[PDB]
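Peer 1: Here it is, the structure in full.
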Amino acid sequence: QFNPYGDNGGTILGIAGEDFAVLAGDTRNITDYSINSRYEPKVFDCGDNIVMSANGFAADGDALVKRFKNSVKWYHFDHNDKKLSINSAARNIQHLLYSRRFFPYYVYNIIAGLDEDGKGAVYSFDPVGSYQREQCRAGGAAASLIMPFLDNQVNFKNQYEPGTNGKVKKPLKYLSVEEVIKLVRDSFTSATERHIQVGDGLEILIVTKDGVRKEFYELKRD
Amino acid sequence: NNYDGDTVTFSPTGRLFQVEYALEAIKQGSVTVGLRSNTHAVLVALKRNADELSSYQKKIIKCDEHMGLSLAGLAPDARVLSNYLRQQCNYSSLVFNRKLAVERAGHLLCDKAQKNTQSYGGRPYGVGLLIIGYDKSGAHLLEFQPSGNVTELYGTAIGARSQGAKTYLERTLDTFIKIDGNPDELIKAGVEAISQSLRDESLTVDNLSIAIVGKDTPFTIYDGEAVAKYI
Amino acid sequence: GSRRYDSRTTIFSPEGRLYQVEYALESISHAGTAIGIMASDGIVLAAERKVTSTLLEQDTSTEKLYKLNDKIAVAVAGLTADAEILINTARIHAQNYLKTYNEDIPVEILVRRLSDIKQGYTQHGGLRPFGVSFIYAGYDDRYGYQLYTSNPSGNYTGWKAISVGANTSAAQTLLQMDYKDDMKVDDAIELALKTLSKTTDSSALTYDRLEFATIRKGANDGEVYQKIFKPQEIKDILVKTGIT
Amino acid sequence: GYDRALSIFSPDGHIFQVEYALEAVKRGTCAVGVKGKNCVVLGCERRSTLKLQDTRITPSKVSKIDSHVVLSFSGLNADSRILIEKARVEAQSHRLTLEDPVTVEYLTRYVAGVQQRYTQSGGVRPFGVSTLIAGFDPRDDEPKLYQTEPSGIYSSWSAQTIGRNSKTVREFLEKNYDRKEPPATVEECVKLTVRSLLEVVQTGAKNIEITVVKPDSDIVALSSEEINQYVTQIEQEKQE
Amino acid sequence: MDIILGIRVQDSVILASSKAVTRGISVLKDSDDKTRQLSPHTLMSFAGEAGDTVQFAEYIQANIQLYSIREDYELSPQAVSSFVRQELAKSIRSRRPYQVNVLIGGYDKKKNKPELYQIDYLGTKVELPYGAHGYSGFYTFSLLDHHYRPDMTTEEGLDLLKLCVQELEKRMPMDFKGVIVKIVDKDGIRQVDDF
Amino acid sequence: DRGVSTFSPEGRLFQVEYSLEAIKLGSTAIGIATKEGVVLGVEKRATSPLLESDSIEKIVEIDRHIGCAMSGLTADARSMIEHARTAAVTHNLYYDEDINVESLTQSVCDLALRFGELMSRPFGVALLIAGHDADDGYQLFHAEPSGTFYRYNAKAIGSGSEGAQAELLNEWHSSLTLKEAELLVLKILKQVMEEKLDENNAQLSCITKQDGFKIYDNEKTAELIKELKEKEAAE
Amino acid sequence: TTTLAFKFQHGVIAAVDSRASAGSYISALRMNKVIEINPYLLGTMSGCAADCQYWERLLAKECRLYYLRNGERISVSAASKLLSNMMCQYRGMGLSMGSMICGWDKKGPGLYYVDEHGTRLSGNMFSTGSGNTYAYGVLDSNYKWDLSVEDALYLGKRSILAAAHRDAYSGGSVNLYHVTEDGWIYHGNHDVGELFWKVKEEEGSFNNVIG
Amino acid sequence: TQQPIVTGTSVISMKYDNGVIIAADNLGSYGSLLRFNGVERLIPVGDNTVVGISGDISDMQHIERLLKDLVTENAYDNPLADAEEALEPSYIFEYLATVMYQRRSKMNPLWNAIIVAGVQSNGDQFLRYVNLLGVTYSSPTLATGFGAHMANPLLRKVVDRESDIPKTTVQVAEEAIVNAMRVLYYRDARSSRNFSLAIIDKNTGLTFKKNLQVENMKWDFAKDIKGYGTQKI
Ligand SMILES: *[C@@]([C])([C][O])[C@](*)(=O)[C]([C]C1=[C][C]=[C][C]=[C]1)[N]C(=O)[C]([C]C1=[C][N]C2=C1[C]=[C][C]=[C]2)[N]C(=O)[C]([C])[N]C(=O)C1=C([C])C2=C([C]1)[C]=[C][C]=[C]2
Ligand SMILES: [Mg+2]
Ligand SMILES: [Mg+2]
């Protein structure tokens, strides 16, 4: 029997700062136990200072991104070159996903950018369209490895202030872009070690008011 | 006379009067000029207002990053045809990862307009279009008529009093074609060309509409204080 | 295109009339007269065949009176072919109702349905209307004995006595004069035939130029019987009433 | 399918088919609507050219759309049945999807919308019918009376008449009906409705039909004798 | 839903229907009225698959109410029951059938007789002096076979009905949370508020 | 006869031009755009005194930030309003935001030319669409049955349009307040109306960023009418 | 999930948890399972997150259109029925959506339960989700009509806490809502971790748990 | 939904400094039966693209016809069909990828794995893969079926990353491809000795080699192997 779905591996990671956002993902593409490519970009600049990654089944992921990029294009045509806000893009993507409620896009989607107040924004989706705005999210193969680390190191969960002994929590101080990129690189280095589908390369897209910037880092190729 | 009731009827001399009447709607429309060099292509349009309280009707429409047009006649028909071009340009990109050739864009418009001239019930399009674009074979300018006829030109003009601008371009042919790597000078030649079609009224800040596309220049429209430079 | 040849059958005149409906009614006014008379103990249907021939096989002929079901019958005035299209539809509707509710269709419901079909041809479709006027004679347990008429406009009304077809103006005056509320079937039979005998365009009213029918509770106990009269039976009732 | 555009604009900006549909309404029998303080009354003319009629079974001029709303009309009788059927179907469809009976305003808006649709749809002609729609909204004691017409416009009326010689009875209502103090009782409301029809009807015998609609789905049709008593009292006061 | 009972006595029809509604392992409601008035002298109780029951009942209710308004006339219980049967017989061969069983209790004003019709989801109609759906009949029919007379009063009908519910409450594993009882007679439909 | 989508020798669609004549017979509707808001006002024009004037609904809400006034065959507007409301709320569903006034107007105007032998004729009604959005601020549009829409600082449509438009030509300036615009609509309505203007036969409305689209009460309009009379009598 | 809602003297309380699951994996710690349809209408969510978000936001579109057409707010009864009719179109197609429609209208406070089968139930108290049984236990033993706003808010809060503790697929935080005739009022996000220890000490409950 | 009947095995390819190489054997298998021995599975499109196809042969012949028709259609009303507006490898690939993903979305796939190899207008190398699921990826080396498991490891020793491409000559790349084809013949039970090889160079254009054979094979050591453990004779 024909199986229309597949698993191309990979893992993605979105973190929202105070005035910036990052969307990272490894560049490895796989089927079963084989490597297809060591460098196959997974995170895309979709325009209007929005970045997107659809991780899981690459064919569905490429189709969704392709459709959203198209949705942005037609938003400009239909609404006098108005900028598509991150919240409006998220809602639009929900409807793209739910159009296939009975033959789903087999992807975990994340978008990142800035909200209308200039603050960092990350939005997260499930394969059928449920979405929500988040501060931190890992998606894909090694999502369960990385998320707990982010709960601990980004939202300071289970961390208290010494001397008080569990009476006073660690205060939620914001993170700089330099500090966030460290957590991203360490997250992927750790995931590369313990997950066989993660490795080869890491591509990070950083979003500020100035635009979209890229950073690439090598990962282990085993 | 007896042969102008619908588009499906030839006259005794082999004329299609409904198509000719649709052509008449273009002549009533406001003037628009098109011209190109080897590097860039430029549209210049004289916008028209209803009165002093009203805005000036937009004349130029973007179809893709590398292609767009200006209209003269029934504006809603231009919206339909430009929407079709947007879809065709987009089909070429999504399916073939290929920017639609301007010549092929003209062939598609021709064929779409033609179907309306041979069938009963419908009507011809009541608008003329000047399509500019930059593709793999350089800069291009097309003139579309709702008869179906599409023509590739160095320069042209359509609308009311368009003959004046068309004569100017016919003289200036050898000059403006050579304006390579200089967008401002090519626009100047277009603004000077459309000026030959003006009577009584002159080019003001909210009256003039300009668009340009070229080698390293996406299709962009200039309105308002952005065209004050060229007045 | 085709627009050139369209007569536009479903439009108003400047006076607010439907051209084709009015012209259909003009057609019907030349048709053989049909009369319906409702009595306390039954209903009479009488109708005149149009200029017949001696070589017409009468006993197997049916142009005026048709049976819709066991309880309901109709008299026709107009194009017979058009009437048969509608009659077969009405026969189906009565059976659909019986299948659905397991009860015989109430007379008015059947009448309304046919009249709604006629109405449709005057409002949409671009087709000519049915050149037919019906007299419906029927019985049900709600209203008892009932007479209705419908015409090409799709408008229907209830009657104690009514005529359609030719000379309805003259026929209605005669019925209005001699009709009474306490009247019986045997009296109504006589009134129907006497009215036709005076309004007819023929020289004399004979058995071979008539179709006749009654709906009586004159059936053994609480039930209704339809009687389509045979040529010999029409001849006998003509002698009985003293016309021939 | 038959797609022919029958309702179209003329050079002077008129849709003649819609205007000729109003002429069909002008030909129709007179219908009148009067709303009192705690009731609405719908009066209807019956032309006496048709005798030997069976009044038991003849289609009544006033039709119930639901238990709390009624509809009368003037114009083509056959056309009115189609609107009434559609209205009745929509009334049940509304109860089924929203769990509330239709408001009188909603039902009117639907019927008016159907009439409008038949003025710019291909292959169809406008309804030659104007309607008076009256009733009381669920759990409301304020009377409602609306009018519709072939073009599809509708509006609310304190009192209104349609059909043949409606110009005359409207003239009567305009001078006799006071907005500051409407018919306080049912009697006063019916009396005014009968009086208005007596300007046009001819004889006050079987030519006048009256239907009183009160709040909380209380709808009754008056009989011949009940109406005849109003006719008697009106003329006896007039002899002075 | 679970249990619906019906009994036709001398001058009325009595319908008893359980109050329980369950989703998963939780009883969400213990006061649910599994019935719809189709006309002033016709009541229909129902039981079957979740959701389908109410949708079907309301759809039938709308159709009968439409008929009543159109003709200004109440259909006989027999006519209504035949209409309902046809809809179920139509439904059983559809893409997704409506899984609903019904009892129709009505008083025929013409014949001055109470009438009870039992119709299952296949479109199987039977006129009965007393009836039930599902497993309800397995417990109750022996009592009804024994005690039922056609000349019973409404009060005797209720007493026999109490005995049936008591037997159900004793021998059924499921807790159906008692019953709402409604009486259909010449004066219309009324609910017995204490049972 | 002749095609519904036929061009005249002058290059105009016969039916579109004839529908414009129907709009000239309609009751007057006026719109004035200011930096404090857009005001919409209409002539009700009751055909009889027994007609309850408050049921005349010629000013209509499309969304919280968009209003609409109509003139001509007002029955034709109902399907246009329905489409506008649907388009406005549907865009809110797809994009989690208010829709631009221009985009809403464009959506309504796309229906206009969908006629042939689709609906059988053009609409016989013109619309004044007034609203506010964050990008272009307070806006007033005039939507015709031709499918064309012009933005306006001030606009009058209906039977007294050309007379009212000439008056709006002189009176409008870019520094108008909301109160000044209200009185100006009432002034021009009173000028072109057949019957004497009062709170029962004329209706006001406005759209502001804060409060959104509001139809004015008869008590509120009555005070503005009284305020108008006194200021005209002041000189 | 665990959701609850109940009517009382001063309107209706609505309380939900905020957990989301993908097998044993907790995919979300803080999900909003309440939709603010309008200032006087709320909708709870339980089941497929995508189905809950899509259909309840589509309900809000349809409820908004009702206001525009009629110039009046939709009733809770009518809103619940529109939603139940949507469920009936996709009957047997595999949707999973359990919701309570809470609000205040002309009949007073209104509460309806609606599920994917097209079920529509009116009642004073409901609870849906994997942990509804735990919530019902607290509600049934402490609910009164005569509850004060303060005590009623606490009851709904404490009932979710009970479920969050025992049910593995319920927890994270508690979102509280109070519906009045002037509209709904949000009464904050309450972390269960902190709330548990607080309630344990102040109430004396959860004696078996050590802290 | 179907099942593949007559099938073609591995297609292998790699980038080198001035272009791309692609190769595939000439066999059409019918299960375990080596039925057809003259099947060309490399299909040139113009003089700048070669499409290599594995999987179902009937679906391959269908795709072969779509490409032939694509060339015909591109020439229609196109004076620059043999110049600026000629078909590019990227156009041909995206067309096929569009078709493949559409067919899988209708649950009626083209049971194939395709590699599109070519050189673009600007001289850039093009090498991209697409299959029955509509899955696409690009890499310096690409291979289908068994080639993915056995050839890629050998070809990745020559071009392990993007920066190794300019350092790799056509002689080295061809040698690596030919060795990989020999290894596949040793170890793939559905492979043949006969194969075709195509080189698309930005300078020398398209070179299409037919009727190539696997040579220099090692079998002599087999004589010494006796039994399955304890047998000496
Ligand atoms: C209980 C937590 C678990 O039953 C509750 O029912 C919630 C309801 C809910 C409503 C709105 C928003 C979030 C939650 N349900 C779930 O968490 C459901 C349970 C479920 C999984 N499969 C399934 C379920 C229910 C019925 C049929 C089938 N969980 C989900 O829907 C899962 C699939 N969602 C996620 O894991 C993710 C969500 C949501 C999300 C993710 C992952 C990522 C980014 C944003 C949102
Ligand atoms: Mg490895
Ligand atoms: Mg049975």
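Ordering of the structure tokens sets the chain letters (A, B, ...), residue numbers begin anew at 1 in every chain, and ligands are numbered from 1 in the order given.
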Do you know which residues are at most 12 Å from residue 39 (chain G) counting only C-alpha atoms, after dropping those on the same chain fewer than 5 positions away, and could you put them as a PDB file with C-alpha atoms, in the first residue's frame?
Peer 2:
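New file selection22.pdb:
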```pdb
ATOM      1  CA  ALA G  60     -17.347  34.029  16.668  1.00  0.00           C
ATOM      2  CA  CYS G  63     -22.047  35.391  16.099  1.00  0.00           C
ATOM      3  CA  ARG G  64     -20.582  38.727  14.963  1.00  0.00           C
ATOM      4  CA  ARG G  73     -26.329  40.396  20.603  1.00  0.00           C
ATOM      5  CA  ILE G  74     -26.902  36.707  19.909  1.00  0.00           C
ATOM      6  CA  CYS G 102     -21.005  30.520  28.690  1.00  0.00           C
ATOM      7  CA  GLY G 103     -22.640  33.945  28.668  1.00  0.00           C
ATOM      8  CA  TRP G 104     -25.263  36.413  29.862  1.00  0.00           C
ATOM      9  CA  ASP G 105     -28.294  37.344  27.749  1.00  0.00           C
ATOM     10  CA  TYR G 177     -13.484  33.831  34.133  1.00  0.00           C
ATOM     11  CA  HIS G 178     -16.560  35.393  35.709  1.00  0.00           C
ATOM     12  CA  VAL G 179     -19.495  36.309  33.486  1.00  0.00           C
ATOM     13  CA  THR G 180     -21.779  39.149  34.600  1.00  0.00           C
ATOM     14  CA  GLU G 181     -24.540  41.158  32.878  1.00  0.00           C
ATOM     15  CA  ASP G 182     -21.883  43.808  32.108  1.00  0.00           C
ATOM     16  CA  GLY G 183     -19.760  41.104  30.425  1.00  0.00           C
ATOM     17  CA  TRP G 184     -17.072  38.558  31.288  1.00  0.00           C
ATOM     18  CA  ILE G 185     -14.241  39.390  33.689  1.00  0.00           C
ATOM     19  CA  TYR G 186     -10.854  37.647  33.498  1.00  0.00           C
TER      20      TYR G 186
END
```
Peer 1: Could you tell me which residues of chain F sit within 10 Å of chain D when counting only C-alpha atoms, and give me the result as a PyMOL selection string?
Peer 2: chain F and resi 3-4+14-25+46+48-57+73-76+78-79+115-124
Peer 1: Counting only C-alpha atoms, what is within 12 Å of residue 83 (chain C), bar same-chain residues fewer than 4 positions away, as a ChimeraX atom specification?
Peer 2: /C:28,62-66,68,74-79,87-90,114,118,129-135,150-152
Peer 1: Selection from above, N, CA and C atoms, as a tab-separated table (two decimals), in the first residue's frame, can you write it?
Peer 2:
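Result file is again-v4.tsv:
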```tsv
chain	number	residue	atom	x	y	z
C	28	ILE	N	-59.09	28.86	-24.21
C	28	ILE	CA	-60.00	28.05	-23.40
C	28	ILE	C	-61.47	28.43	-23.60
C	62	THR	N	-62.33	9.53	-24.41
C	62	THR	CA	-62.24	10.34	-23.20
C	62	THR	C	-61.47	11.63	-23.50
C	63	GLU	N	-62.18	12.75	-23.59
C	63	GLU	CA	-61.54	14.05	-23.84
C	63	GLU	C	-61.82	15.10	-22.75
C	64	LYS	N	-62.83	14.86	-21.91
C	64	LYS	CA	-63.31	15.87	-20.95
C	64	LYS	C	-63.12	15.45	-19.49
C	65	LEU	N	-63.61	14.27	-19.15
C	65	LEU	CA	-63.65	13.81	-17.75
C	65	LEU	C	-62.57	12.77	-17.46
C	66	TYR	N	-61.72	13.08	-16.48
C	66	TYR	CA	-60.61	12.20	-16.10
C	66	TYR	C	-60.63	11.90	-14.61
C	68	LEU	N	-58.57	11.18	-11.25
C	68	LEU	CA	-57.27	11.42	-10.61
C	68	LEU	C	-56.97	10.36	-9.56
C	74	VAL	N	-61.62	15.22	-12.46
C	74	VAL	CA	-61.52	16.53	-13.09
C	74	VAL	C	-62.25	16.61	-14.43
C	75	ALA	N	-62.82	17.77	-14.71
C	75	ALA	CA	-63.35	18.09	-16.03
C	75	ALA	C	-62.38	19.06	-16.71
C	76	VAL	N	-62.10	18.81	-17.99
C	76	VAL	CA	-61.08	19.56	-18.73
C	76	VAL	C	-61.72	20.55	-19.71
C	77	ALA	N	-61.10	21.72	-19.83
C	77	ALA	CA	-61.47	22.69	-20.86
C	77	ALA	C	-60.20	23.33	-21.43
C	78	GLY	N	-59.89	23.00	-22.68
C	78	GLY	CA	-58.71	23.53	-23.37
C	78	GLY	C	-58.01	22.47	-24.19
C	79	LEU	N	-56.68	22.56	-24.27
C	79	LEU	CA	-55.88	21.58	-25.00
C	79	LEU	C	-55.82	20.27	-24.22
C	87	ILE	N	-52.61	15.96	-15.68
C	87	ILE	CA	-53.38	14.89	-15.04
C	87	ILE	C	-52.47	13.77	-14.52
C	88	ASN	N	-51.52	13.34	-15.34
C	88	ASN	CA	-50.57	12.30	-14.94
C	88	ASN	C	-49.66	12.73	-13.79
C	89	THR	N	-49.35	14.02	-13.73
C	89	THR	CA	-48.58	14.58	-12.61
C	89	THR	C	-49.42	14.56	-11.33
C	90	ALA	N	-50.69	14.94	-11.46
C	90	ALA	CA	-51.61	14.95	-10.32
C	90	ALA	C	-51.87	13.54	-9.78
C	114	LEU	N	-51.14	21.25	-8.36
C	114	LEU	CA	-51.30	21.45	-9.81
C	114	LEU	C	-51.28	22.92	-10.18
C	118	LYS	N	-48.72	25.18	-12.73
C	118	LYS	CA	-49.18	26.15	-13.72
C	118	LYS	C	-48.57	27.54	-13.47
C	129	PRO	N	-47.44	28.70	-21.23
C	129	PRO	CA	-48.21	28.08	-20.16
C	129	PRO	C	-49.10	26.96	-20.69
C	130	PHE	N	-49.68	26.17	-19.79
C	130	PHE	CA	-50.63	25.14	-20.17
C	130	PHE	C	-51.97	25.78	-20.49
C	131	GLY	N	-52.48	25.54	-21.70
C	131	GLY	CA	-53.77	26.10	-22.12
C	131	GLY	C	-54.93	25.26	-21.62
C	132	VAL	N	-55.05	25.15	-20.30
C	132	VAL	CA	-56.01	24.25	-19.67
C	132	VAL	C	-56.68	24.93	-18.47
C	133	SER	N	-57.99	24.72	-18.36
C	133	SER	CA	-58.73	25.04	-17.14
C	133	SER	C	-59.40	23.78	-16.62
C	134	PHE	N	-59.21	23.50	-15.33
C	134	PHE	CA	-59.77	22.32	-14.69
C	134	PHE	C	-60.96	22.68	-13.81
C	135	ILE	N	-61.93	21.77	-13.73
C	135	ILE	CA	-62.89	21.75	-12.63
C	135	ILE	C	-62.58	20.49	-11.82
C	150	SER	N	-59.10	25.64	-11.51
C	150	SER	CA	-57.81	26.28	-11.75
C	150	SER	C	-57.73	26.68	-13.22
C	151	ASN	N	-56.92	27.70	-13.50
C	151	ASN	CA	-56.72	28.18	-14.87
C	151	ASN	C	-55.22	28.41	-15.12
C	152	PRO	N	-54.83	28.75	-16.37
C	152	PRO	CA	-53.41	28.86	-16.72
C	152	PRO	C	-52.57	29.80	-15.85
```
Peer 1: Give me the residues near residue 66 (chain F) as a PyMOL selection string, where near means some atom within 10 Å (using only C-alpha atoms) and where sequence neighbours in that chain fewer than 6 positions away do not count.
Peer 2: chain F and resi 38+60+84-85+88+98-101+104+129-133+138-140+206-208+212-214
Peer 1: Please, which residues of region 14-230 of chain B, numbered as in this document, come out strand (DSSP E) from DSSP, as an MDAnalysis selection string?
Peer 2: chainID B and resid 32:36 40:46 60:64 67:73 127:135 138:144 150:152 155:158 208:214 217:222
Peer 1: As a ChimeraX atom specification, please: every residue in region 16-212 of chain B that a backbone DSSP assignment puts in helix (DSSP H, G or I).
Peer 2: /B:17-28,75-96,102-118,162-176,183-197
Peer 1: Residues of chain G were defined as contacting chain A if any atom lay at most 9 Å from it, counting only C-alpha atoms; please report them as a list in words.
Peer 2: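 Output check: residues 25, 26, 27, 31, 32, 48, 49, 50, 51, 52, 53, 54, 93 and 94 of chain G.
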Peer 1: Using only C-alpha atoms, which of D:65, D:96, D:30, D:42 sits nearest chain G?
Peer 2: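 Of D:65, D:96, D:30, D:42, the one nearest chain G, counting only C-alpha atoms, is D:96.
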Peer 1: Step by step, measure atom-to-atom distances between ligand 3 and each residue using only C-alpha atoms and all ligand atoms, keep those at most 7 Å, then write them as a PDB file with N, CA and C atoms, in the first residue's frame.
Peer 2:
```
ATOM      1  N   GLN E 118     -44.865   2.354  17.768  1.00  0.00           N
ATOM      2  CA  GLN E 118     -43.463   2.059  18.022  1.00  0.00           C
ATOM      3  C   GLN E 118     -42.746   1.946  16.685  1.00  0.00           C
ATOM      4  N   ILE E 119     -41.697   2.749  16.501  1.00  0.00           N
ATOM      5  CA  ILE E 119     -40.899   2.727  15.272  1.00  0.00           C
ATOM      6  C   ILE E 119     -39.411   2.664  15.617  1.00  0.00           C
ATOM      7  N   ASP E 120     -38.707   1.675  15.065  1.00  0.00           N
ATOM      8  CA  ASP E 120     -37.258   1.564  15.258  1.00  0.00           C
ATOM      9  C   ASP E 120     -36.493   2.239  14.116  1.00  0.00           C
ATOM     10  N   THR E 124     -39.293   0.261  11.109  1.00  0.00           N
ATOM     11  CA  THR E 124     -40.205  -0.829  11.443  1.00  0.00           C
ATOM     12  C   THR E 124     -41.313  -0.296  12.343  1.00  0.00           C
ATOM     13  N   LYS E 125     -42.504  -0.100  11.776  1.00  0.00           N
ATOM     14  CA  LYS E 125     -43.633   0.472  12.518  1.00  0.00           C
ATOM     15  C   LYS E 125     -44.623  -0.588  12.996  1.00  0.00           C
ATOM     16  N   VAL E 126     -45.089  -0.426  14.232  1.00  0.00           N
ATOM     17  CA  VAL E 126     -46.150  -1.258  14.798  1.00  0.00           C
ATOM     18  C   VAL E 126     -47.026  -0.419  15.736  1.00  0.00           C
TER      19      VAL E 126
END
```
Peer 1: Give the residue list for ligand 2 at 9 Å, counting only C-alpha atoms and all ligand atoms, as a count of residues only, sorted by chain and then by residue number.
Peer 2: 6
Peer 1: If I take CA of residue 75 (chain E) and CA of residue 58 (chain D), how far is one from the other in Å, to one decimal?
Peer 2: 20.5 Å
Peer 1: Taking only C-alpha atoms into account and nothing else, which residues of chain E lie no more than 7 Å away from chain C? Please answer as a PyMOL selection string.
Peer 2: chain E and resi 79-80+82-83+86
Peer 1: Hey, can you check how far CA of residue 39 (chain B) sits from CA of residue 129 (chain B)?
Peer 2: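 Distance reported for this atom pair: 21.5 Å.
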